[PDB]
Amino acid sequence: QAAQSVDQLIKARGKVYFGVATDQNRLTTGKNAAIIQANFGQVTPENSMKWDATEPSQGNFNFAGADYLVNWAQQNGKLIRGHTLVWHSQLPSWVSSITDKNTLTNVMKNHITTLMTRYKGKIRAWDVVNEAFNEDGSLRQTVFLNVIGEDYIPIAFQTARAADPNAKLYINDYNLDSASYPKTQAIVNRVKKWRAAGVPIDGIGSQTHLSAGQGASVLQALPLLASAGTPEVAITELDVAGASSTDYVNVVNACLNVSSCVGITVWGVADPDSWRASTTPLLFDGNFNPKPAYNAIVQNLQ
């Protein structure tokens, strides 16, 4: 654990949390648990709440990993973001073989309702729809789009709102890091249109998987995301190739500058456990010691 908590420091600046992705396999090995206890205020399950983990066979739900994380977080005073309900990746083949609109709609609604009702009142925010946009800003042609149509997004959010009215409902995506990117403009426009039609979208999540030197762009992109008029925005899956302090401090300052930015989640604790470990992109090194970027964030927040 680092001595100074970035979560406590960001809360002193008026934000809700600084958190991390984790799961049972992390929490039960190494120094992960102690680091999360001391330094972070929020957890996102890295894998245990995805469709493949939770409903591997239709109607045959598996909550073992998800329950472990929720209970651990509650015991340890950490906020939870649920991740993720509707996504084309980590989707079992029984779902993607369905070609009937009514069948898939009911499957999707049942998946949403079952997961959200189990944890009702315990989960601050859910990523309801993940990675719904192509890079040109059109909607990604996933099984949900192809079989249900564009209404799948409204249906997913309406169903989620009914299941747990206390949760903040997010749409989450990546490559929203530059204000001039086609995808960034498109998500803003479509979220404005959906909200004007009554769809309950409370948040835009920006994954923020950055390359070295790209942090500066977030200073301009995040205010543009906030212009869509959702109550919240968040940085949901931050990591930065090379872990330069300059990039990490820029992302934190972007969130500080945008009132509706509630917090930041970094996508893991220690470099070797990252999905792109070879780029050493996280705040703790392979020996579980804080990196200079951690200390730079602390100093920026003080």
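Quick note: we count residues from 1 along the sequence shown, nothing fancier.
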Notebook entry, point to check: Would 272-280 or 48-56 have the larger average of its C-alpha temperature factors, as given in the entry?
Noted result: 272-280
Next item on the list: Quick one: say whether 228-236 or 89-97 has the higher mean Cα B-factor in the deposited entry.
Entry: 89-97
Next item on the list: Would you mind checking which of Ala197, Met116, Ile204, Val107 has the top Cα temperature factor in the PDB entry?
Entry: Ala197
Next item on the list: Please pick out which of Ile148, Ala73, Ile155, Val218 has the largest Cα B-factor as recorded in the entry.
Entry: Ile148
Item checked: Assigned third (lowest, middle, highest) for the C-alpha B factor of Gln42 -> lowest
Notebook entry, point to check: Looking at the C-alpha B-factor of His83, is it in the lowest, middle or highest third of its chain?
Noted result: lowest
Checklist line | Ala64, C-alpha B-factor rank within chain (lowest, middle or highest third) | finding: highest
Check: Lowest, middle or highest third of the chain for the C-alpha temperature factor of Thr22?
Finding: lowest
Check: According to the PDB entry, is the CA B factor of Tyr181 in the bottom, middle or top third of its chain, that is, lowest, middle or highest?
Finding: highest
